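Shown next, in structure tokens, is the structure this report addresses.
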Amino acid sequence: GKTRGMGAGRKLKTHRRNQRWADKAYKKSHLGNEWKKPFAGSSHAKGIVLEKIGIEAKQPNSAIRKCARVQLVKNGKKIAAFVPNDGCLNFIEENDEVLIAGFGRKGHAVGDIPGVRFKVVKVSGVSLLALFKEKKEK
Amino acid sequence: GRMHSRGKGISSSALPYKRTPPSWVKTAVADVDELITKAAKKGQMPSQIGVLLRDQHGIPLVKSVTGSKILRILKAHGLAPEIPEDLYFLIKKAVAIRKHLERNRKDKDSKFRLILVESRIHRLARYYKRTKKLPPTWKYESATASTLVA
Amino acid sequence: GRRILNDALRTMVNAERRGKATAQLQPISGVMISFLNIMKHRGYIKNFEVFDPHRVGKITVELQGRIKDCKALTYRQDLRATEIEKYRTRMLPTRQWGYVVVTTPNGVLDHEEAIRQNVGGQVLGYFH
RNA sequence: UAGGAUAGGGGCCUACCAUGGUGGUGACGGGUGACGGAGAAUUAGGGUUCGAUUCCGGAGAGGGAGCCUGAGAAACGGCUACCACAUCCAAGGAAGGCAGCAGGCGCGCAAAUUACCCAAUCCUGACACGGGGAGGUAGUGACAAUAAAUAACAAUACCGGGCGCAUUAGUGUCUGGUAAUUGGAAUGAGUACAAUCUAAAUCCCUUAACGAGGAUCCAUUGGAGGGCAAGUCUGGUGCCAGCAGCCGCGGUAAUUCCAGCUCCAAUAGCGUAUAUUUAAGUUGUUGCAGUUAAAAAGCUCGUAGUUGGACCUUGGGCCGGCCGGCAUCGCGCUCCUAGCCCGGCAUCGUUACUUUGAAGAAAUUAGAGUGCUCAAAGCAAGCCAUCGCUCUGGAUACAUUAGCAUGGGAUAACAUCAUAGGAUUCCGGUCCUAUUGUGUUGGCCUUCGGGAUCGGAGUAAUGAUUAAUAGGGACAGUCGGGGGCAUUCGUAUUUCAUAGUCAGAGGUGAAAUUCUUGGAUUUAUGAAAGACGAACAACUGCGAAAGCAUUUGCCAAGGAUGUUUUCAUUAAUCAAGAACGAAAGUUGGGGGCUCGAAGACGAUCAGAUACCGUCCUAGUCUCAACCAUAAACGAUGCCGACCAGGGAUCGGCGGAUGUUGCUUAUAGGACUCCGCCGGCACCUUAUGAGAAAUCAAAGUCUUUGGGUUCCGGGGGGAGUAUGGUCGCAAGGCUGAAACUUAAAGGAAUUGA
RNA sequence: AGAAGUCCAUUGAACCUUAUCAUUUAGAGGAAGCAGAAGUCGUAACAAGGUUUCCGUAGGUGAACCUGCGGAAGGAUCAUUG
RNA sequence: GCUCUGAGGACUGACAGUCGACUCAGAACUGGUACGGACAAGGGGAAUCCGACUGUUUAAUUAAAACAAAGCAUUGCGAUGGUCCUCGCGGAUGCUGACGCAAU
RNA sequence: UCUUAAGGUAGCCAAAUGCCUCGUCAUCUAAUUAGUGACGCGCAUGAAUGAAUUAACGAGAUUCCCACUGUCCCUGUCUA
Ligand SMILES: [Mg+2]
Ligand SMILES: [Mg+2]
Ligand SMILES: [Mg+2]
Ligand SMILES: [Mg+2]
Ligand SMILES: [Mg+2]
Ligand SMILES: [Mg+2]
Ligand SMILES: [Mg+2]
Ligand SMILES: [Mg+2]
Ligand SMILES: [Mg+2]
Ligand SMILES: [Mg+2]
Ligand SMILES: [Mg+2]
Ligand SMILES: [Mg+2]
Ligand SMILES: [Mg+2]
Ligand SMILES: [Mg+2]
Ligand SMILES: [Mg+2]
Ligand SMILES: [Mg+2]
Ligand SMILES: [Mg+2]
Ligand SMILES: [Mg+2]
Ligand SMILES: [Mg+2]
Ligand SMILES: [Mg+2]
Ligand SMILES: [Mg+2]
Ligand SMILES: [Mg+2]
Ligand SMILES: [Mg+2]
Ligand SMILES: [Mg+2]
Ligand SMILES: [Mg+2]
Ligand SMILES: [Mg+2]
Ligand SMILES: [Mg+2]
Ligand SMILES: [Mg+2]
Ligand SMILES: [Mg+2]
Ligand SMILES: [Mg+2]
Ligand SMILES: [Mg+2]
Ligand SMILES: [Mg+2]
Ligand SMILES: [Mg+2]
Ligand SMILES: [Mg+2]
Ligand SMILES: [Mg+2]
Ligand SMILES: [Mg+2]
Ligand SMILES: [Mg+2]
Ligand SMILES: [Mg+2]
Ligand SMILES: [Mg+2]
Ligand SMILES: [Mg+2]
Ligand SMILES: [Mg+2]
Ligand SMILES: [Mg+2]
Ligand SMILES: [Mg+2]
Ligand SMILES: [Mg+2]
Ligand SMILES: [Mg+2]
Ligand SMILES: [Mg+2]
Ligand SMILES: [Mg+2]
Numbered sequence: 002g003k004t005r006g007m008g009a010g011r012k013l014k015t016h017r018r019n020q021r022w023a024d025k026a027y028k029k030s031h032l033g034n035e036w037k038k039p040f041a042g043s044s045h046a047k048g049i050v051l052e053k054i055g056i057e058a059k060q061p062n063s064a065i066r067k068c069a070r071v072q073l074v075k076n077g078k079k080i081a082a083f084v085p086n087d088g089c090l091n092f093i094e095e096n097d098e099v100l101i102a103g104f105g106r107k108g109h110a111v112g113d114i115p116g117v118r119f120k121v122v123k124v125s126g127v128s129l130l131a132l133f134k135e136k137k138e139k
Numbered sequence: 002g003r004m005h006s007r008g009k010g011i012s013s014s015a016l017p018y019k020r021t022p023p024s025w026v027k028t029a030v031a032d033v034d035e036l037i038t039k040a041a042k043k044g045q046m047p048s049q050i051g052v053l054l055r056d057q058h059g060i061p062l063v064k065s066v067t068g069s070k071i072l073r074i075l076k077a078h079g080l081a082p083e084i085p086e087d088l089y090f091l092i093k094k095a096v097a098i099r100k101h102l103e104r105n106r107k108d109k110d111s112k113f114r115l116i117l118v119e120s121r122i123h124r125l126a127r128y129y130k131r132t133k134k135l136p137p138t139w140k141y142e143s144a145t146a147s148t149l150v151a
Numbered sequence: 002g003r004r005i006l007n008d009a010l011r012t013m014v015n016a017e018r019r020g021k022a023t024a025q026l027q028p029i030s031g032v033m034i035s036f037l038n039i040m041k042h043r044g045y046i047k048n049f050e051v052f053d054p055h056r057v058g059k060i061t062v063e064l065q066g067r068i069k070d071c072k073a074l075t076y077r078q079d080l081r082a083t084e085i086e087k088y089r090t091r092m093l094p095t096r097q098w099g100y101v102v103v104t105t106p107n108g109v110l111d112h113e114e115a116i117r118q119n120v121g122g123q124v125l126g127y128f129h
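Line by line, the protein sequences are chains ga, pa and va. So the number in the entry's author numbering is just where the residue sits in the first sequence, counting from 1, plus 1. So the number in the entry's author numbering is just where the residue sits in the second sequence, counting from 1, plus 1. So the number in the entry's author numbering is just where the residue sits in the third sequence, counting from 1, plus 1.
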């Protein structure tokens, strides 16, 4: 069982330090690889799109989720990012200036889109919800 | 449980309630003390002394008849063994085992038992070093240990 | 090894939970009998024998079925008389009954006694 | 040690000498997207994460280095030099340092005015006057926080439920609303005379006149399948577009997409992303789990570490209404606190724990008072005839750990009266300093006072707890397929020999490869070789585990039992370290029967690199030396206690009369009965436990705490890469990440 | 008194060469893991999965896998007094 | 180069006297930064092929990767024998005997 | 499917073994028929004809880098 001697404070503290590492959340949060991800501990990241691509959807579904290959101005990563509205992809055009944010699930692929972790939230300095809602055209 | 086996025996000697000696024990403490020293200088350890009295001379417990333990009479008369009872006998058993093993090199069981016996020797010897019943330098050298005993 | 005042209380819980009339205890202690004095003072067990012929000792208590649980907190705590207040809630069933027995420089005594004499100490255990 | 230097201690530095200092209680090293703290967010408790930032401390002024002045600087809104950067040059030269305020570029997801002012708070100077991008005021400011509008009230109405009878009606009460219906009231958003505010303006607070018909003085954000509150609405799309945190929706009747109506939750706010807290008893000290779901090391030894059996007077009283003081069978006190001979006095074991006290920076937090109109706040302000002043407050708490101080001695560690070198009033021997008889300074001396030393007499209860259903050791009769060395035996298998016989034998479901009239198979006798030790042989023993079954001898060892023997806590578990550890496998001898990986064949089959049959190498066996793993299993660590019943059985012991194909008779051996321990197990039952299967130990668990070691945190990637280390090699031990995934998995039920 | 200069110490930037640490990054070729699809070859596993399964070790084979030696039941047997 | 300082010993009667050839460190000064001043006396590194190394070899053109080597394996042989010499008688291995001789 | 007694196994390579050949790719260089490292349907690699590696050693063969230099640009002079 546990060690419960009145003098075992050293053993218990060392043991918790040692055993918190098996916890996935602690390991992910302190291992330092979050600074080796594309955003590197950032919420959003402005990037330049290379091309509107479009990608397959997973087994139970069947569709073409319209994403884009974007380059990060900050550290040069090239990644894939979704465009979250109906027919919204048209607003995006090659080599435009977009803001890329996490797509949910905290850096983990979401839903039926295969291996994509990112969403477009701005383009050419105009709100993309506003583009969808004709509030302001770029 | 036995400290070097998973045996769990509880066989032992259960001491009688009355600390005072029984009626029929009427030999005097001085004569019992002379019996102690006679057999001690004849060369027997406290275990043999107690057994001898309990068998031939009808002395139930020497503490009961005298108020002082065998070793204490022997320590007061300066006949006490230089190396304690149980450390002596653990050393003698280690000498026997090692002498057998030096000729029987394939005896892995005897090698294990020797590991255990020397472990017991060293645990007990640390106790005797802490209670100052052994010299503060007495170290169990496996080489020249057979001179010490037997 | 033995660390009694647990070997006594767990025997008492087992005897009570089985409904036995008397339970006997193989080692004793001044601390053990001072704990049983707290139980008997607060009216949870009735009178008892302390067999002290010659050895560690032996005890026989008669259970009245009025006890419900009794334990030892080996890993005996430090305990101020300002902060029993969150041991009584942490261990005892409620704020009306149940007693936490803490050894203090005035001998073994329960936590309500410790409030009024305003002396703290080490947890020996509890019963409720 | 001596010095030099510093304002000063100091290896700060020098000369000489010594060989030391730190470390598994983590040094040194590395990371830190790390200034420290007061503190911030969240919080049942405990915690987890953060803290660049206006308060304190430190450090820097592009990077280093060096100095002047000065009380104060290694200053950068001071200098010198180098390096990086850059400005002016009339081409020799010269000036540099916004991480000060504002502002410009760049970097970025990310951050405002090149404003006014010395009036307040204070600083500064030679100083009541100057100065102050400290600091305040104003502009941008949905960072965060506070109060809080977007209507209210009336009768009319198709109406809509009782209530006045309640039938049979009909209209009735709060008005519920679709009413742009009708109606006069209320006001601030806004505009604005003015005043007030202000250093001057501005805002706020007041307030001339203006300022509401419901289209406006228009509220949005997101959502309407489940979670999760709100459409089995309507149109469009048709596995597309798309939605969807997850489960899922969409394949022509979409409650899930795109639209409209309706509605819902929040509401001047809400959605989104990341990080973090809660959820999370999914990090568990409180408070998890390890038989089977992830997890007991193969097993034992073992140092540190952690944990440690029982035993020592406050035992009974008075006394006054939780405690003072008392006495009893209280080692003494000379001195301060020291009674109207006497309470409650020094030095002559440590700690922890615990009580109380002090000191504890404010701000923050808790918390007292206080009508800023409330509230966030703030520290004010309230009452006189609210007429030449009264009463004022500006509390208090917390502050873990370390340090200081007082009371206790229960609990827990350390050290230790048995060699008495012990305690004890005294007696004088060694030698000593000097005060009052040295009125002055005094300096050695006789009883004196005192260290130190010192011998002998003296007294006292003269001084050592028990001996654990803890352990070690001894001893007695045993027991065991426990271990090592040697040694006897057994049939069988093969080979071979001698003799006999004649067509087959071997193998299979059936075959063939194979052997065979050079006589196979079979039978008998015998010899060699090496292996194996049947039956007996078991819910049986021994062993730390692996493992150990022919005989006798020898050698050491061992558990249990028995014990009126001894030691007296010596113990339990154990990072580091160490011993043994099946089979395979490796190096090299010996042996080479059987069997047999690889390999070669014959069958089968579609294939047959397999199952099947023949031959067979290594190997199987032994020795010397390695290896270190097994579903190494009880998938159940080790020591301890309690709890439920029974019969078996293994070993030891104790007690029974009652028969032995024994015994010169008995005892003893076998057997029957009863009881103890210690084993290996089993059968029944929950009153227990568990997800159950099941378990008398996996129980004594949310009524959660005996001690201790190892070890798990969804599934993969993977016991993989890399690094280390051991090994001849095979490999062993130690051992990630990226990425991917929504299940994988355990137990039981029904069906197939 | 007193400057340039100069001497010797001391602090010592800064550059240079090597060594080395750490963080990223290139690499022909080799070889892992994953995801996808409406592929090819088999039938290894789950029933006695058609040769019971599996663990350790060794050798082999296109692939699953096969076999040898030892072990386990998580077995298809809790069972010989019949 | 020169001037020094320090440490390391012997014999005789923790000290004193007598003697001592050397080695090892440290310092100050000095020179046209020259100093192992003549002589003597390794160039270093990254790799590939071959042979393990040491050794031997075509005297008078080839010094090597060739030959040998230990290590590994194989074969014959138990004396009336194996390999071999000899014209014959006889002889070598053998002053030997399988942990040996002999042939690869 | 024919055929063999068996069909080149473990490895290894334009290797001192590869004709085509100056093989293809990468590296080295300004430039490489050379060197190394890989690729292998290999005229004609391969297991005691021993195969693959292999630290140390080599008056062994080959390639490159640093120092060095009258080898060279490019010759000059001195001495016996
Ligand atoms: Mg988690
Ligand atoms: Mg799915
Ligand atoms: Mg026991
Ligand atoms: Mg142990
Ligand atoms: Mg000094
Ligand atoms: Mg930092
Ligand atoms: Mg500051
Ligand atoms: Mg500064
Ligand atoms: Mg400076
Ligand atoms: Mg400045
Ligand atoms: Mg600025
Ligand atoms: Mg909406
Ligand atoms: Mg929607
Ligand atoms: Mg909708
Ligand atoms: Mg609902
Ligand atoms: Mg969403
Ligand atoms: Mg939805
Ligand atoms: Mg869990
Ligand atoms: Mg498991
Ligand atoms: Mg085990
Ligand atoms: Mg220990
Ligand atoms: Mg025959
Ligand atoms: Mg048996
Ligand atoms: Mg037999
Ligand atoms: Mg394992
Ligand atoms: Mg296991
Ligand atoms: Mg019996
Ligand atoms: Mg996991
Ligand atoms: Mg299952
Ligand atoms: Mg199958
Ligand atoms: Mg099968
Ligand atoms: Mg099966
Ligand atoms: Mg095979
Ligand atoms: Mg085969
Ligand atoms: Mg099963
Ligand atoms: Mg050579
Ligand atoms: Mg020649
Ligand atoms: Mg030559
Ligand atoms: Mg001959
Ligand atoms: Mg090949
Ligand atoms: Mg080739
Ligand atoms: Mg070249
Ligand atoms: Mg090549
Ligand atoms: Mg060939
Ligand atoms: Mg060939
Ligand atoms: Mg061959
Ligand atoms: Mg050849």
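Here a beta-carbon is modelled for each residue, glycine too, at the ideal position from N, C-alpha and C.
Original post:
Does the stretch 114 to 128 of chain pa come within contact of the stretch 90 to 98 of chain va, defined as at least 3 CB pairs closer than 8 Å?
Top reply: At 8 Å Cβ cutoff, the stretches do not touch.
Original post:
Among residues of its own chain, excluding the 5 on either side of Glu114 of chain va, which ones have a beta-carbon nearer than 6 Å to its beta-carbon?
Top reply: Counting from one through the third sequence, the residue named residue 114 of chain va turns up at place 113. If the five residues before and after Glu114 of chain va are omitted, its C-beta is found closer than 6 Å to no C-beta atom of its own chain.
Subject >> Element boundaries [beta strand (DSSP E), containing residue 141 of chain va] >> reply: Any question about residue 141 of chain va goes unanswered here, given that chain va covers just 2 to 129.
Original post:
Which residues, in order along the stretch 71 to 84 of chain va, keep a beta-carbon less than 7 Å from a beta-carbon of chain ga?
Top reply: Residues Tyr76, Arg77.
Original post:
Touching or not, the stretch 71 to 90 of chain ga and the stretch 25 to 39 of chain ga, by the rule of three or more beta carbon pairs under 8 Å?
Top reply: Yes, since at least three Cβ pairs between the stretch 71 to 90 of chain ga and the stretch 25 to 39 of chain ga fall closer than 8 Å, the two stretches touch.
Subject >> Residue closest to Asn76 of chain ga, alpha-carbon to alpha-carbon, out of ga:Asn96, ga:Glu57, ga:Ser43, ga:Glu52 >> reply: The residue you call residue 76 of chain ga lines up with position 75 of the first sequence. Cα-wise, what sits closest to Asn76 of chain ga is ga:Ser43.
Original post:
By the 10 Å Cβ neighbour count, where 16 or more other Cβ atoms means buried, how is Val84 of chain ga classified, buried or exposed?
Top reply: Position 83 of the first sequence, counted from the first residue, corresponds to residue 84 of chain ga. Buried: at least 16 other Cβ atoms inside 10 Å.
**OP:** Give, in chain order, every unbroken run of the alpha helix (DSSP H) that is at least 4 residues long and sits entirely within the stretch 6 to 61 of chain va.
**Re:** Whole alpha helix (DSSP H) segments, 4+ residues: 10 to 19, 31 to 42.
Subject >> Exposure of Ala46 of chain ga, with buried meaning 16 or more beta-carbon neighbours within 10 Å >> reply: Numbered from 1 along the first sequence, position 45 holds the residue referred to as residue 46 of chain ga. It counts as buried.
Original post:
Going along chain va in order, which residues have a C-beta closer than 8 Å to the C-beta of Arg5 of chain ga?
Top reply: Within the first sequence, residue 5 of chain ga is the residue found at index 4, counting from 1. Simply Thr75, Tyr76.
Original post:
With a cut-off of 8 Å, do at least 3 Cβ pairs link the stretch 104 to 120 of chain va to the stretch 75 to 91 of chain va?
Top reply: Touching, yes, given that three or more Cβ pairs across the two stretches are closer than 8 Å.
Original post:
Taking C-beta to C-beta, are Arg3 of chain va and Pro28 of chain va nearer than 8 Å?
Top reply: To locate residue 3 of chain va, count along the third sequence from 1; it is residue 2. To locate residue 28 of chain va, count along the third sequence from 1; it is residue 27. Result yes, Cβ atoms of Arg3 of chain va and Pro28 of chain va sit closer than 8 Å.
Original post:
With 16 other CB atoms within 10 Å as the buried threshold, where does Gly55 of chain ga fall?
Top reply: In the first sequence, counting from the first residue as 1, residue 55 of chain ga sits at position 54. That one is exposed.
**OP:** Please name the residue, chosen from ga:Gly48, ga:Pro115, ga:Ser63, ga:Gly88, that lies closest to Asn96 of chain ga on a Cα-to-Cα basis.
**Re:** As a position in the first sequence, residue 96 of chain ga is number 95, starting the count at 1. Comparing Cα positions, the closest option is ga:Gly48.
Original post:
Nearest to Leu149 of chain pa by CA position, among pa:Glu103, pa:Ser111, pa:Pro137, pa:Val96, is which residue?
Top reply: In the second sequence, residue 149 of chain pa corresponds to position 148, counting from 1. Of pa:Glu103, pa:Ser111, pa:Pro137, pa:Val96, the residue nearest in Cα terms is pa:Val96.
Subject >> Beta-carbon proximity list for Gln123 of chain va, same chain, < 7 Å, skipping 5 on both sides >> reply: For the purposes of this step, residue 123 of chain va is taken as the residue at position 122 of the third sequence. Within the same chain, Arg77, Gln78, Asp79, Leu80, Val103, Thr104 come within 7 Å of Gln123 of chain va by CB-CB distance, once the 5 residues on both sides are set aside.
Original post:
Terminal residues of the continuous beta strand (DSSP E) containing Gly103 of chain ga?
Top reply: Residue numbering aside, residue 103 of chain ga sits at position 102 when the first sequence is read from its first letter. Where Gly103 of chain ga is concerned, the enclosing beta strand (DSSP E) stretches over 98 to 103.
Original post:
Between which two residues does the beta strand (DSSP E) harbouring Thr38 of chain pa extend?
Top reply: Taking the second sequence and counting its residues from 1, the one referred to as residue 38 of chain pa is at position 37. Careful: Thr38 of chain pa lies outside any beta strand (DSSP E), inside the alpha helix (DSSP H) at 30 to 42.
Subject >> Spatial neighbours of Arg96 of chain va in its chain, beta-carbon cut-off 8 Å, leaving aside the 5 residues before and after >> reply: In the third sequence, residue 96 of chain va corresponds to position 95, counting from 1. So the list reads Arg89, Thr90, once near-sequence residues are dropped.
**OP:** Answer yes if the stretch 8 to 24 of chain pa comes into contact with the stretch 119 to 128 of chain ga, meaning at least three C-beta pairs across the two stretches below 8 Å, and no otherwise.
**Re:** With the cut-off at 8 Å, the stretch 119 to 128 of chain ga and the stretch 8 to 24 of chain pa do not touch.
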